[PDB]
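This document starts with one chain, in the form deposited in one PDB entry, laid out as structure tokens.
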């Protein structure tokens, strides 16, 4: 018989399920950044990639496979068929349409909704017990959409939300203070992006409230213009998009961080997008970022942050906006 059979005696033909499997749907720059970050943090024993562009998908898959010598994830697979995604613990959706010239925002949102209508049922068929982590924008709306289509309980449908926005905030805060972002604490809540809410009262280093040291923190009156930090959380994303065309690395790392908490059941707290009806004064079925405890069953718990009247009003405004958009969408 063969060289293989001369070299190797096989006892065991038992099938084996993947035990720590992650799927990434959508292998654009964001999806691949998520994939490489996950691979290099050894979060999965199997990584599955899905796209509709078959050549891109296969080529990306093969490129990762060629680096297997340098990795500790023994199985990397891909396909347009969702059977490759079977038995995933965690499925990350980074699939999206490209805005065309002369296309409205609303049309693009609806094109992304329609992509989700095809993706989510297929994911659910093959991984009924998975957690869904939604990265695709508009992320708060598409997390709601994924929830409604999947039929999953709300603990298993999580939007990356303001995890990245909060990471940018801690980055910017660290630059101003000369401290590593790990030691700089501050929370951006609500909607990902423009309408995000910096919670000034929780901003601290070593448990020291910046707001109590500096009462003008977060106001227009501030000599030091600390509001500019939050403004830059928003503008820095626009800046990266202008300079290189898109963002990928930061979101990839942030998603790997959330994945770590889920896959290893860490019960760390992250600002992610969750079904917030009945809390913080919100009365409609919408997803907004608040600090959530993440582990193996998704969101098990959330932190009830004390907001100023102004902060709360901004969240309710966001919720009204999201409800309005949600009802003018089609499904």
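Just so we're on the same page, rigid core means the largest C-alpha set that superposes within 1.5 Å between forms. Shifts are known only where both forms have a C-alpha. Residue numbers count along the first chain shown, from 1.
Engineer: Which is higher on mean Cα B factor in this entry, 248-256 or 116-124?
Structural biologist: The recorded data point to 116-124.
Engineer: Do the CA atoms of 302-310 or those of 286-294 have the higher mean B-factor in the entry?
Structural biologist: Of 286-294 and 302-310, the stretch with the higher C-alpha B-factor average is 302-310.
Engineer: Which one of 205, 93, 234, 162 shows the top CA temperature factor in the record?
Structural biologist: Highest CA B-factor of the listed options: 234.
Engineer: Rank-wise, by C-alpha B-factor, drop residue 61 into the lowest, middle or highest third of its chain.
Structural biologist: Its C-alpha B-factor, which the entry lists for residue 61, ranks in the middle third among residues of this chain.
Engineer: Check where residue 169 lands among this chain's C-alpha B-factors and tell me if it's the lowest, middle or highest third.
Structural biologist: Its C-alpha B-factor belongs to the middle third of this chain's values.
Engineer: Ranked by Cα temperature factor within the chain, is residue 226 in the lowest third, the middle third or the highest third?
Structural biologist: It falls in the top third of the chain.
Engineer: Give the position of residue 78 by CA B-factor within its chain, expressed as the lowest, middle or highest third.
Structural biologist: Within its chain, residue 78 is a middle-third residue by C-alpha B-factor, going by the deposited values.
Engineer: Going by the entry, which third of its chain does the Cα temperature factor of residue 134 land in?
Structural biologist: Ranked within chain, residue 134 CA B lands in the lowest tercile.
The same protein has a further form, the form deposited in another entry, not shown here; the description that follows concerns it.
Engineer: After fitting the rigid core, tell me which of 245, 207, 178, 102 has its Cα displaced by at least 2 Å between this form and the one not shown.
Structural biologist: Comparing both forms, the shifted residue turns out to be 102.
Engineer: Answer with closer or farther for the CA-CA spacing of residue 100 and residue 53 in the other form compared to the shown form; it moves by 3 Å or more.
Structural biologist: More distant in the other form, by 3 Å or more.
Engineer: Using a 2 Å C-alpha criterion and requiring 3 or more consecutive residues, which regions move between this form and the one not shown after core superposition?
Structural biologist: The run that moves is 97-108, and no other.
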